[PDB]
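Protein chains in written order, with UniProt numbering: chain A, 114 to 133; chain B, 34 to 52, 69 to 92; chain C, 18 to 131, 138 to 155; chain D, 51 to 326; chain E, 43 to 352; chain F, 52 to 193; chain G, 100 to 197; chain H, 1 to 157; chain I, 219 to 272.
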Amino acid sequence: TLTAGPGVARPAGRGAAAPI
Amino acid sequence: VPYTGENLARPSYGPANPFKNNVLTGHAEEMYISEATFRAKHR
Amino acid sequence: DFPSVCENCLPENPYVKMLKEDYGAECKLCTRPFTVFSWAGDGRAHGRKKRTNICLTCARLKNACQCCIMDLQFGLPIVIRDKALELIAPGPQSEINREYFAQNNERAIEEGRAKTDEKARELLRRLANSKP
Amino acid sequence: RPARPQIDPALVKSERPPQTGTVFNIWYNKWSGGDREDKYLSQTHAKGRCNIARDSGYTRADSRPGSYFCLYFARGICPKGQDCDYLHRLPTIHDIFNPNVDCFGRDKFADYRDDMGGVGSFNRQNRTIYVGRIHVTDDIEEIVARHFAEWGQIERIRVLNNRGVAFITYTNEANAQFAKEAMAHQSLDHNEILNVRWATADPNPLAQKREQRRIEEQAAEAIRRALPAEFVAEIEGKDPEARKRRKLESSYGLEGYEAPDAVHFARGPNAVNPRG
Amino acid sequence: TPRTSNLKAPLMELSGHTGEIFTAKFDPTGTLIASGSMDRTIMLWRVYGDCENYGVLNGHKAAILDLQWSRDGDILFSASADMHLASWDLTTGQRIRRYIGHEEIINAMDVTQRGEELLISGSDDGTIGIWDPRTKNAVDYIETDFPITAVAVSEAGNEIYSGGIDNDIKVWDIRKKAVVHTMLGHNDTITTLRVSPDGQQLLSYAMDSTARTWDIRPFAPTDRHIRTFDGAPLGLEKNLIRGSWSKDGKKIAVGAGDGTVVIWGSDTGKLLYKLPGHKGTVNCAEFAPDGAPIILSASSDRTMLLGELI
Amino acid sequence: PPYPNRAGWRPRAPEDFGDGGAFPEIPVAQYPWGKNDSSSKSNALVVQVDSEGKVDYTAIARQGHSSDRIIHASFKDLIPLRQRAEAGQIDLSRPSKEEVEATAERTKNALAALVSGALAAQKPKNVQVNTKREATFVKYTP
Amino acid sequence: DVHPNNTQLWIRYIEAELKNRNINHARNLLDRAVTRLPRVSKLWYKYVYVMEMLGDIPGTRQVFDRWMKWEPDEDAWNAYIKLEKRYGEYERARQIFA
Amino acid sequence: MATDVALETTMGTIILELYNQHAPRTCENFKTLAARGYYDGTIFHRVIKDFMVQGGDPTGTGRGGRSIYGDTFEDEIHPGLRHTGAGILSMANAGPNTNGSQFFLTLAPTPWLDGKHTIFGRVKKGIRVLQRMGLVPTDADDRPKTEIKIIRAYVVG
Amino acid sequence: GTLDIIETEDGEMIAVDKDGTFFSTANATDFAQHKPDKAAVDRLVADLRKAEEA
Ligand SMILES: [Zn+2]
Ligand SMILES: [Zn+2]
C-alpha cells in the first residue's frame, strides 16, 4: 500500500566552482 | 563536470587590472538555515 | 529582491530582521509604488521601523542608499554630489516627466540595455588652486 | 534639570476646529459648506511660546542617542515634559541628520509647496528661512537679531525694513527647522502673526557663489575624509615635498614616465601603491 | 567522457521535502533511496529510471535524524528527536513498531549489516542503546556522562564506536559494557564515524572542520591516527555532518557548510573533488554501495543532488 | 640599429622604432605610436574594430540594443544565403524532438507563470492575506 | 521617434544643427541617418557634400568608401570619380572604375 | 642574436623577435611550443585596452597551459630588460616561478611588472595590428566579443 | 610611422603607405579627432544662409 508522495526529480547543474 | 580538482586548484594567469556583486551596496545570495540557529545568534 | 542599504542604516546586529511589502509606498523621488523593506532599530523607544524610501531604479540611477538617500561612494546628500562633482545625472523633476523618465529607465533596464573618482580628483583640482 | 511640562493637559485635547462651514466632512476632517475665500485669509496667533532657558531639560530621549526632536516642544505646546519620547533642547552643530528626514522625525518631501512651507525638501540643501509679515518699525534688525539668537546659531541675517521682510540663514538643517517650527505664527513685540516659510534662493550672484562654494567645500571635506591623506597631499600640489614624492612614487623607474591617474591614483585589493 | 553510468541525467535534483534534510541512505544494492527530514517525513525514491518518489512514511512526531536499511532492503530504521526509534515496512508503507527507552534526543544508530541484527542508538541523555528489531524494549544500554552524536558497529559486531562532545572516539565492548580504548586527537564535537568497507579504517569528521581517518586493525601502534584531511570548513550551523566511504575505500566524501561536498583521496590526502550545488549546509554525503560513481548529497536546502563522478 | 647593439642610442620618433614595438633593453619612456595623455571625458562612442581589422559603423546601428538582438546592418545581409562567401552547406532542418520538447517546457513554464498572475488579476481571492508566511534567509556580504 | 524613416525630417534636423555650427553633432546625425537609411541617395549626397565643404577630403573619401560598400546606383560612383578627378588622383579614380 | 616567429592572426600578421642570449629558457620554450603547432588556432582570451593582450590557452579560458619542460619552470629577470612600453612580450605567470605557456603582449609602458614577469621578446612587423587588437570590443571579463584567432606561428627561416 | 620613404633603383623618393589610411580616414581611428577649419565652417554656414534666403 505504498502511496506516491509529492516528490519531483529535475535535472540541474552544480553552479559556479568554489575556491578552496 | 569541469574536471575534478586540478582546474579548481590553480590561479588564473596574468596580473589583474591596475585600473562580481549584484546589489549596489554589496553581494547577497539566498540561503537556507534552520530558524532556531538564526534565533540563537540573534538572541 | 533585496534593498541597497548602507551599513549606516542597517541597525547594529549582523543578524537583522526585515519586513517586505509589495507596493508598500510610493518612491519619494519618482513617485511610483515599489517594494518596501523595513527593518528594526538600535532601540525600542520609538518603533519607526527605518525603511527604504526610494525604488531600486531611483537607487541605481542616482547611486544612493534607499533609506537615507545619500551617496554610496562618498556619503554626500545627492544634490551636493550632483552640484559639486557636477553633470552625471540631473534627472527631471516635474509632474508627468518624472514618471515618464522612470518608466523609460525601468523599461530599458528590464530589457537588458543600460568615473566618479575621476571627477572627484578634478573637483580637488578646481578647489585646491581656487581663490574667492 | 528635568524637562518641565509647559501646559496642563486640561487645555489640550482633540477638539473639532471652529465652525467655518455648514457641515463637517468627517473623512477629510474639514468644515465644508460656506465660502472658500474666507478660510484662505484666516491666520491665527499661536497658543504658546517655548523658551529653552526655562523649559528645556532631561527627558527619556536625552539618554537615548540617535533620537529625534520634539516638534510639540518647539511650539511650546508639549504638555508632559519629562515623559515625552523626543528631545527637549536646542540642536547643536553636531546634531546632523540624514537627508530623508528633518530634525523632528517627519518624512521630508521631494519638492516644496505653493506657499513654500511645511517640512522641506531633500532636493535642495536649505538653511535659509523667509520671515515675512513684520510690522515696519525702525529697530526691526535688533528685535529679529535677539529673537533669532534665541533659536540657535545664525550665519546670515538679511533684513529688508522698507517693506519689512527678513531672510535668516542658519548653519544647520536642524537649527533651521527648529527655528522654523518654533516661530510658526509666533508673536513679535507687536501683536502680529509672523509668516515664517522656507526661503526661495536669492538671485544675488554673491549668495549663489557662496552657496555653491559651500557645496564644493562639503564635497571636498567628504572626499578628503574618504581618500587617504597620502593621496590628498600627493595630489594637492602645494608642498614641494609632495610634488617630488609624486614624481618618485609614480616613476617606477623609466625616467619621464609619469603613470596615468587611473593607475597611480587607483584603490584596489592588490593595487600598485602604498594603499592603506 | 560525457557520462558513464545508468542515470538518465548527469545530475538530478530530488526535491519535495518541506523541511531540512538531515540524512539520506542508499539501499545496500544501490537501488532505493530514503531521506528523512525535519518535516517529520521519510521520502522514498528510486535512483534508476525516471526516479519517482514512490513512497512517503509518516508517523514520527518530531524531526528525523537517522535511518538505515535492512540486510535485503525491506525494513527501514529511523531514529527521531521524539526520543524514539522506529522500524518501518516497505512492502505496505506502514510502520512495524517503535522502540522506546531513551529520555533525550537521539542522534545516531547503526544496524549490523552482517552478524546478528542490532540497532545502536546514541542519545543525548548519555546513552548507547542496543535494541533487537523484534521487541520494543531495549536489550541493553550503556551509560556515559556526555551526549553521543556518533556510533558505528564493528566488523566483529561487538565493539561500539561512540563519539561525544568530549572530543574523542571511544570504542566500547558490548559484553563487558566498558570502553576498550579511546582514539583521542579531535578538538571539537564528533559527527560521523563510518567504518571502511574492507574494515580497517574509520572516518571521523568533527566540528573543527577536519576529517580524520583512524585504524581499526587489532595490531596498531599507540597512535592509530592515519591522516587528518582538511578542506571542508564547517558553516554557521552546528549540524551533524555525515560522511561516507566509496565502495573501494579510496574516496572520502564529506559535506561542508558552504554547500559543497568535498572528496579527498583516502590513500594519500589529495582533494579529488570539491563539488558545489547547495545553498545551505550539506548534511549527508554518500556514495553508491554498488561501486558506480554515483554520489548523493542531501542538504538542508530541502534538497538532494544525485550526481556523477567521471 | 639591429640586435644586439642599441645601448646609448635612444629612439626619438616612431620611425626610430623600426616598424614599432618598444625596445625593452633601453630604460626610457618609449611610445611606439604616440601619446594619449588625457581626454576630458569626451562623450563620443569608442571606435571599435571589426573582425578583419577595420572600422565598424554597425556600432551606431546596434546602439541601445541588447547583444543577443538580430540586427541587419550591412550589405552582406542583403545577399542570398547560398551566394554568400561564408558557407555553402546549410542544414535546413527543424529542431529535433528533444529540443522542441525542451523549448515547450520552458515556454510553458513562463506562460503558466503569466497565466497564474493574470488569474490573480482577473479574480483575486477575497482576502489578500497569506498567513503561511515563511522566512527567507539571505547571506549578505557587503 | 514618431517618423523614423522620414528623409525630410532627417535633413531638417541635420541642417538645423549645421546652421548653428554644431559640426560634431551634425556628423553624428549624418552617421545615424545613413545608418538608418542606407539606400536613400539624398542623405549620402548630403554627407559627402558636407564633408567636402568642411575641407576634409579624407573624410569625403571615407564617406564615399562606405557608400560604395553599400553598392549604390550609377550616379554615386560617377560622383566619386568626379571627386577624384577634381583633385587629381587619377590612379584612385582608375581603381574606382575597376 | 634574435630569432623571429610569425603569429598569423585574423586581424593581421605579427613578426616577433626573441632574445636567445638574454632569456634562453623561455625563448627556447617559445620555439618548441611554436614549432609543434601548439598555438595553432588558439584564441587571444584576454584583451584590456591601454594595458595588455594575453593569449596562449588552447582552451582559451585562462586556466591551463602546457610547456615542454613539464608543467612549469623558473623565472629569469634580467635587470637590463624592463617593461619599457608597447609591443613587449612576457610570460603571463601566476606567481614567482610559475611560467607556463600563455604570453603577455603589452600595450603601454607598465614598469611595475619587473621582478615578477620575465621579458623574452619584442615585435618586428605589425604594430597597428596590435593597436587594433587593443581596440576590439570586450565583455566585463575582457574576453573579446569577436574571434581573435592565432591561426599560424612559424619561425621565419 | 604610417608612411615609409624609400629610394628606388632609379634614384627618386617614393612614399609607400604601410596602411591604406592616408587618402581616406576609414580604417583609421584618428577620424574621431579631426577638427574642421573655422573658414570652412563659416563657408558652409554662409552657404546654408544663402539657400535659406533664396
Ligand atoms: Zn523612484
Ligand atoms: Zn543608508
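Even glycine gets a Cβ: it sits at the ideal position worked out from N, Cα and C.
Separation of residue j from residue i, as counted between CA atoms
i, j, result
"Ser90/H", "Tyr46/B", "12 Å"
"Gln132/D", "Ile57/D", "13 Å"
"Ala115/G", "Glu123/C", "32 Å"
"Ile122/F", "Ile151/H", "29 Å"
"residue 19/E", "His102/E", "In the structure as shown, chain E starts at 43 and stops at 352, and residue 19/E therefore has no counterpart that could be examined."
"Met54/E", "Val121/A", "10 Å"
"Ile184/D", "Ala216/D", "8 Å"
"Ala77/B", "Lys37/C", "16 Å"
"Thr224/E", "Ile162/E", "18 Å"
"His117/H", "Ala42/B", "22 Å"
"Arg157/F", "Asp39/C", "27 Å"
"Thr109/D", "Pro52/D", "7 Å"
"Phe249/I", "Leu129/G", "15 Å"
"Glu190/G", "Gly157/H", "37 Å"
"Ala274/E", "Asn150/D", "45 Å"
"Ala143/C", "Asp289/D", "20 Å"
"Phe73/H", "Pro324/D", "31 Å"
"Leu210/D", "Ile71/C", "40 Å"
Supposed close pair residue i, residue j - CB separation, criterion 8 Å
i, j, result
"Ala327/E", "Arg269/E", "Their Cβ separation, rounded to whole angstroms, is 18 Å, which puts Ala327/E and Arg269/E out of contact at 8 Å."
"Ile148/E", "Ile216/E", "Incorrect: roughly 18 Å between the Cβ atoms, too far for contact."
"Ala269/D", "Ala101/C", "4 Å"
"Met35/C", "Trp56/C", "5 Å"
"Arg115/C", "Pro109/C", "6 Å"
"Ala272/D", "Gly92/C", "6 Å"
"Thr231/E", "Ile207/E", "5 Å"
Residues near residue i in its chain [Cβ-Cβ closer than 7 Å; skip 5 each side]
i, result
"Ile88/H", "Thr106, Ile119 and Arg122"
"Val98/F", "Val106"
"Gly70/H", "none"
"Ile77/F", "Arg57 and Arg61"
"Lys219/E", "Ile184"
Contact test: residue i Cβ vs ligand 4 heavy atom, cutoff 7 Å
i, result
"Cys27/H", "Ligand 4 is not among the ligands present in this structure, which contains only ligand 1 and ligand 2."
Own chain, CB closer than 8 Å to residue i, minus 5 neighbours either side, in chain order
i, result
"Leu121/D", "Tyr136, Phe154, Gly155, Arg156 and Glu231"
"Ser92/D", "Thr70"
"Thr106/G", "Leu136, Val139, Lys141 and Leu142"
"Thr146/H", "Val136 and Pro137"
Legend entry - chain C contacts made by the segment 113 to 132 of chain F, where a contact means CB separation under 7 Å: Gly115, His116 and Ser117
Legend entry - By C-beta, the residues closer than 6 Å to any heavy atom of ligand 1, given in chain order: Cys44/C, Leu46/C, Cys47/C, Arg49/C, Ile71/C, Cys72/C, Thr74/C, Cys75/C and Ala119/C
Legend entry - Quiz: which residues have CB nearer than 6 Å to ligand 2 non-hydrogen atoms: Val22/C, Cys23/C, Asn25/C, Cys26/C, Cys82/C, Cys84/C and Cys85/C
Legend entry - Residues from the segment 283 to 305 of chain D in contact with chain F, defined by Cβ distance under 8 Å: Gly303, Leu304 and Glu305
Inset, instruction - Quick one: which residues of the segment 67 to 91 of chain D get their C-beta closer than 9 Å to a C-beta of chain H? List them in chain order. - result: none
Inset, instruction - Identify each residue in the segment 48 to 68 of chain C for which the Cβ-Cβ distance to at least one residue of chain B is less than 8 Å, and report them in chain order. - result: none
Inset, instruction - Scan the segment 227 to 252 of chain I for residues whose Cβ lies nearer than 8 Å to a Cβ of chain H and list them as they occur along the chain. - result: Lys236, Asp237 and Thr247
Inset, instruction - Determine which residues of the segment 97 to 113 of chain F have a Cβ less than 8 Å from any Cβ of chain I, and write them out in chain order. - result: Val98, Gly104, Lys105 and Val106
Legend entry - Contact set between the UniProt zinc finger region "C3H1-type" (114 to 141) of chain D and chain F, restricted to residues whose Cβ is under 9 Å from the partner: none
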